[PDB]
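The form deposited in one PDB entry is given below as one chain in structure tokens.
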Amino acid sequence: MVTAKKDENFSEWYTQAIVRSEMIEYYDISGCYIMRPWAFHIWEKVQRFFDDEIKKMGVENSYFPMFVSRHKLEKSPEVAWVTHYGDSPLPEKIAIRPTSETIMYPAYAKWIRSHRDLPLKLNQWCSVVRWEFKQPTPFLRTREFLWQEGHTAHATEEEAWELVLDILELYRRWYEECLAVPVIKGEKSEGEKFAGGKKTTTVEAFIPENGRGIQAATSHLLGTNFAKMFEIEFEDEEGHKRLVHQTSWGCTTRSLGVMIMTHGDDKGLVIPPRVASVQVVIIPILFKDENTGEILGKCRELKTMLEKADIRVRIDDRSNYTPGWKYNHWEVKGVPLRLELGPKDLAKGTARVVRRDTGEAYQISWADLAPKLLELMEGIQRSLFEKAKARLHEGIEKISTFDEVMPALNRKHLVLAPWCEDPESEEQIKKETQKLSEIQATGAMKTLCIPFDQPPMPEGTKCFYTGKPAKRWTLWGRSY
């Protein structure tokens, strides 16, 4: 049972939702959490979608070591260092991977020798470790987390940039098509991009209850800098030695946290049908032996028919729990549809179906069950996305001048503002907004992204902070 209200104390609500639904368990090492099966099911679904999609692009999976030698990593950072095997010291300490550039690119330098070898497109599913001192949040910001990382090498910059954009569109689909979470595609600012690359692109999500943006996934154009550092070169069709043009990209189980925060309500989780391991739960109403074998035989009959429409169905015929307990259990876990079958329903040839997202109840004849449920699930998925998109739209304010910023931040909104893109000004804006928030008593505003979808920039439009010529419309807000 969830008792905290989402719109009152959001942090207590989130903790309740993910504990009481059995998504997470705590662990004695700070910043690490156990991912229980109810959460892991969702990860498996988005992993299958993304993996299928990158394979059609020619990306192949691989597995590189979890350890990197001190002198290879440092070609200290907040990495976990292994210094001993048993009681014996290693002659050189080794780190646990925070990301695998230093592990993979020496191999790329060995494998790439001619244009015949390109493009090289690899991905791996693994976990990484970033041992930060700060407060962790389950799914969103943890010390160890699951994440794929893709790394590619190309003969030209244009082919690399094309892949960057293709991958970022896959991340838009991971969020919007699977998880029903709306995201904004954009470029990172110069101060916010990956330092080892040329251009970083991102999908950004918005959490209306605390007003914060959160980076959902990222796709980098690395250019040739790592090719220089690692000596990744190839002979072109005319004999000349050239540097490769690289990309890298990743997305994590943070996606699940964003889903939970987007669609959850006062009763617990709400799982979008496309990633629900159980789409429909059938609950036999058993009491005083009122037509028991009748009811359970019928439930089995219904499961088989729905499955023949590829609906993912679970009968909760466990005998150790009451029907009321089952209603609340599957509601807190977010199953899209609950189908109730009792003696009355069997006498009438119908089932009672309740939608998780809106609570609406439907009396459906057995014959109609499969097509109707399909309609409902399409309806649920679509409505989850559309409601979320409306909230995203209501949470962004277009502004012209800096004087509008603090009122907007106080409404827990993001701002879209014309910006000159000077890196000094982003540093100044972060400092000023933090100071102002402090005085009104994590308050800094930073750039979230420069969106791909740019409204026109009228000639003569001035930067909202510096008064210099504005270049592009930029999304700002408080953030994770």
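All residue numbers are counted from 1 along the displayed sequence. We call the rigid core the largest set of C-alpha positions that still match within 1.5 Å between the two forms.
Below, we refer to the form deposited in another entry, which is not included among the displayed structures.
Peer 1: Any idea which of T99, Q124, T350, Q215 has its C-alpha shifted 2 Å or more between this form and the one not shown with the rigid core fixed?
Peer 2: Correct option: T99.
Peer 1: Taking 2 Å as the cut-off, check whether the CA of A367 shifts that much or more between this form and the one not shown after a rigid core fit.
Peer 2: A367 C-alpha, core-superposed: shift of less than 2 Å.
Peer 1: Using the rigid core as the reference frame, would you say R70 shifts its C-alpha by 2 Å or more between this form and the one not shown?
Peer 2: Shift of 2 Å or more: yes.
Peer 1: Does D453 shift between this form and the one not shown by 2 angstroms or more at the C-alpha, the core having been superposed?
Peer 2: Where the cores coincide, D453 shows only a C-alpha shift between this form and the one not shown that is less than 2 Å.
Peer 1: Taking the shown form as reference, are the C-alpha positions of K288 and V332 brought closer or pushed farther apart in that other deposited form, with a change of 3 Å or more?
Peer 2: Result: closer.
Peer 1: Where do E92 and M229 end up in that other deposited form, Cα atoms closer or farther than shown, with a change of 3 Å or more?
Peer 2: Farther apart, which means the C-alphas of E92 and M229 are at least 3 Å more distant in that other deposited form.
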